[PDB]
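Line by line, the protein sequences give chains N and K.
Take the first sequence: its position 48, counted from the start at 1, is 103 in the authors' numbering, and no numbers get skipped.
Take the second sequence: its position 20, counted from the start at 1, is 75 in the authors' numbering, and no numbers get skipped.
We put the beta carbon where it would ideally sit given N, CA and C, even for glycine.
For reference, the structure is listed below as structure tokens.
Number of protein chains: 2
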Amino acid sequence: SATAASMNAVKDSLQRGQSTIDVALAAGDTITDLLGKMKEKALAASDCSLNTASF
Amino acid sequence: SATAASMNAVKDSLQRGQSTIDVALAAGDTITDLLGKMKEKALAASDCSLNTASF
């Protein structure tokens, strides 16, 4: 029964790990969206027929 | 009959031994419970992802 109590202690560490990885995943989704937008902006800025004001 | 009286003297020593061992057993049960709790605490403290404040 001592071992079963120890497993009761293990579950808390696993739950904390779950929470940490969830936060990381949310931030990562936001970052991927921003990276797509940045790629579009960089593609638009590479046009050679633009004014000095659009660049 | 002298021997029977002597046995009457023996029974008291046996009863005192009973009492002493009973006290020891009660203390031992408490100690085993505390040892289980200590094992759980030591297992929890070995997690490498804890803060300086939880340790």
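In three-state DSSP terms, what is residue i?
i, result
"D102 (chain K)", "coil"
"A108 (chain N)", "coil"
"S56 (chain K)", "coil"
As a quick exercise: from the options, pick the residue whose alpha carbon is nearest that of residue i.
i, options, result
"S104 (chain K)", "N:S74, N:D102 and N:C103", "N:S74"
"residue 12 (chain N)", "K:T85, K:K66, K:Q70 and K:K92", "Only positions 56 to 110 of chain N appear in the structure, and residue 12 (chain N) is not among them; the question remains open."
"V65 (chain N)", "K:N106, K:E95, K:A108 and K:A64", "K:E95"
"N63 (chain N)", "K:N63, K:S109, K:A97 and K:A79", "K:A97"
"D102 (chain K)", "N:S68, N:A108, N:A57 and N:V78", "N:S68"
"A57 (chain N)", "K:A108, K:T87, K:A81 and K:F110", "K:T87"
Applying a beta-carbon distance threshold of less than 7 Å, which residues of chain K neighbour residue i?
i, result
"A64 (chain N)", "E95, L98 and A99"
"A81 (chain N)", "Those within 7 Å of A81 (chain N) in chain K number zero; the least Cβ separation is about 19 Å."
"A57 (chain N)", "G91 and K94"
Residues of chain K with a CB under 8 Å from the CB of residue i: which are they?
i, result
"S61 (chain N)", "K94, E95 and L98"
"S68 (chain N)", "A99, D102 and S104"
Less than 7 Å separating the Cβ of residue i from some heavy atom of the ligand NAP?
i, result
"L80 (chain K)", "By its list of ligands, the structure shown contains no ligand whatsoever, and the ligand NAP lies outside what it can speak to."
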